[PDB]
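Shown below, as structure tokens, is a lone chain in the form whose entry title says "closed state"; questions about how it binds or moves come after it.
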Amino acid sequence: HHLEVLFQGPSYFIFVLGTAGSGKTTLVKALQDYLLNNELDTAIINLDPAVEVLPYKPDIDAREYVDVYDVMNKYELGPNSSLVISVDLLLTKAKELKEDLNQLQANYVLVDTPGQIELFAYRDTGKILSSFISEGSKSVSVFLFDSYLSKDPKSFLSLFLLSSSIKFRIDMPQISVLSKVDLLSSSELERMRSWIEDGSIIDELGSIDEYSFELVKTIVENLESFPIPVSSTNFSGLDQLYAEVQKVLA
């Protein structure tokens, strides 16, 4: 017999990114339900070492590799630097991690990430880790535009800047999602869609210095499409999201 030989198939990694509280962990659970309901084998990787309660069962869990509170004590750091270094420490255990990855056998692998967006936008950590965990496989990032933050036009545009910094750093395609869309009224959603798909957002800014205006002009001039509206609680928009994942990975 040969016990090194395992059944092989395609694996697709889906990294769910977003600001604090934008709904990443809930969406991972909802997207896993959706994919399994459609007979698509799906596993979950939790990369947040600080989370306490999860609505899903992670197949790989960062909390078994690094103790955040032990880090904050052993290095005398602040609450946020401690979470950054903890994620950084994951890469020191690349040996143990690659073994867990090897023994993982799933067609779709959902990666829940911490709601510290500087790890993906302002540091190399997000790129190095995401490339390490998805090595040898196609990947896509899903970035969550929090609906609560997006209904304000100036706040919406800052999130497009943030998402662009992530896309530039991470080495994979990115899908934009408008998360928690149930928090919006019909008129708010339509107004936001017109802001983007028609460029009218530039008028909702009013008093803006010349510098910020030039950034905004560049953003709006390169807005390809409106973020996919998703509501994990209402379990809506997951088919659009999964249709775009398939279009991107193909």
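Each form is matched to the other, and the largest set of C-alpha atoms that superpose within 1.5 Å is called the rigid core. When you see a residue number, it is the position in the sequence shown, counting from 1.
The protein also exists as the form whose entry title says "open state"; that form is not presented, and the subsequent description refers to it.
A.B. asks: Of 201, 219, 35, 51, only one moves its C-alpha by 2 angstroms or more between this form and the one not shown once the rigid core is aligned, so tell me which.
C.D. replies: After core superposition, the single residue displaced by 2 Å or more is 219.
A.B. asks: Quick check on residue 136: with the core superposed, does its CA move 2 angstroms or more between this form and the one not shown?
C.D. replies: Stays below the 2 Å threshold, so no.
A.B. asks: Could you tell me whether the Cα atom of residue 165 shifts by at least 2 Å between this form and the one not shown after core superposition?
C.D. replies: No, the C-alpha moves less than 2 Å.
A.B. asks: Would you say whether residue 120 is displaced between this form and the one not shown, judging by a C-alpha shift of 2 Å or more on the superposed rigid core?
C.D. replies: Yes, because once the rigid core is superposed, the C-alpha of residue 120 moves 2 Å or more between this form and the one not shown.
A.B. asks: A 3 angstroms or greater change in CA distance between residue 121 and residue 63 is reported in the other form. Closer or farther than in this form?
C.D. replies: Closer together, by at least 3 Å.
A.B. asks: With a shift of at least 3 angstroms, figure out whether the C-alpha spacing between residue 121 and residue 154 grows or shrinks in the other form: closer or farther?
C.D. replies: Farther apart, which means the C-alphas of residue 121 and residue 154 are at least 3 Å more distant in the other form.
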